[PDB]
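S.K.: Here you go, one structure.
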Amino acid sequence: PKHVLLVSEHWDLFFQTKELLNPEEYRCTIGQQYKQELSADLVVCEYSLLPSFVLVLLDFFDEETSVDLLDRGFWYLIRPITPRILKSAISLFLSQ
Amino acid sequence: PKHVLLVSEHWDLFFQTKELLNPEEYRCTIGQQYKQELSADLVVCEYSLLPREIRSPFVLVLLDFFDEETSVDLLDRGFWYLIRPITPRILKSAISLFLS
Ligand code: NA
Ligand code: NA
């Protein structure tokens, strides 16, 4: 099982997403801070909490923010997001 | 070099993006309709020009608006997307992200 670390202040979205992922293919850890101490195949992380592969969650679009994330090698999703969207992005990313 | 196919009815964004790409690393083609015909490393396609029946088996789809079902549908078909607003800098960095 691929290891997925999900970092955010709030956890509803992430709990629901975890319930949606196949438990034989993905194992989730949830945090309120990006602990670079934890090994993970993919980190999903709120932008405000950003210090492996990382998918960044943004509240709003901003060109310079977006350009910098992509140059650093991070894909991003801009709100609004749903558990189904986040589950599908995690699957797509890990399978690719 | 990598091959990027660009499918759109409004070519200005794409024109400006090619100008920013290093021509020794990337060769571009731009069209108004989606051709499975061409082999490319990455396809950037406007959603309105994306055939409904296709999926993969890189494709980046460009959306005007957010719609949840549409976003879930694209990701399940194996396509990443970008919602507007979009700029040439954003497009260039995305292309490089995928192909690096
Ligand atoms: Na499921
Ligand atoms: Na699960």
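S.K.: So how many residues does the stretch A:1-39 have that are more than 22 Å from A:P80 (Cβ to Cβ), crowded, with 17+ Cβ neighbours inside 10 Å and within 14 Å of ligand 1 (Cβ to nearest atom)?
M.R.: The qualifying residues number 1.
S.K.: Further, regarding this structure: Does A:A40 satisfy the criteria of being farther than 22 Å from B:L74 by Cβ and either among the charged types (D, E, K, R) or touching a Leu at 6+ places or on another chain (Cβ under 9 Å) (or both)?
M.R.: Against the criterion (farther than 22 Å from B:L74 by Cβ and either among the charged types (D, E, K, R) or touching a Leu at 6+ places or on another chain (Cβ under 9 Å) (or both)), A:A40 qualifies.
S.K.: Hey, another quick one. I'm checking my understanding of the structure. Among residues of the stretch A:46-96 that are polar (S, T, N, Q) and more than 20 Å from A:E19 (Cα to Cα), which one is farthest from the other protein chains (Cβ to nearest Cβ)?
M.R.: Result: A:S48.
S.K.: Ok, one more. Counting residues that are within 16 Å of ligand 2 (Cβ to nearest atom) and β-branched (V, I, T), which strands (runs of 3 or more DSSP E) fully inside chain A reach at least 1?
M.R.: So the answer is A:2-7, A:26-31, A:42-46.
S.K.: Criterion first (among the acidic types (D, E) and in contact with a strand residue (DSSP E or B) (Cβ under 9 Å, 6 or more places away or on another chain)) does A:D68 satisfy it?
M.R.: no
FYI, it's all coordinate maths here, none of it is from the lab. Here the Cβ is made from the backbone with ideal geometry for all residues, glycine too, and neighbour counts use every protein chain on show.
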